[PDB]
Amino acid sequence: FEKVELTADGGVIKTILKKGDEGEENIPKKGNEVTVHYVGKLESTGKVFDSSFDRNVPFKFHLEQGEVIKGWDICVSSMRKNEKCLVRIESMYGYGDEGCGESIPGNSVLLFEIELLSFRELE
């Protein structure tokens, strides 16, 4: 077991559910295209609001390019290939006071289960 606080203020806490592959080559780097599966829920209601499994299409994004909420860049950059984790993301590292669409209210704490399937360096 291993629970990790990724930010001094505790706005991002990652609980490892399954350790990944050993090796620095198994750690995604900034700018890399990352591929994951995820399940997201609101801590307030505990109900799942979205998941890549609804469509069965892994989610791909580029690490630390401002493409995803800050909490995600922080959490994924600390994961190893094939790692499964649960991450608690407070509004500050989520959608803040603005919220997102009508699915995520402002000042919402978010809970995500993320599985790092793979990643690749570009150029």
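The numbering used is simple: start at 1 and walk along the sequence shown.
- Judged by mean Cα B factor in the deposited record, 23 to 31 ranks above the other of 88 to 96 and 23 to 31.
- Residue set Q65, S52, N82, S77: peak C-alpha B-factor at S77 (per PDB entry).
- Ranked within its chain, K41 lands in the lowest third, by CA B factor from the PDB record.
- In the deposited entry, the Cα temperature factor of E102 places it in the highest third of its chain's modelled residues.
- Sort the modelled residues of the chain by CA B factor and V109 lands in the highest third.
- Annotation for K70: C-alpha temperature factor in the highest third relative to the rest of the modelled chain, per the entry.
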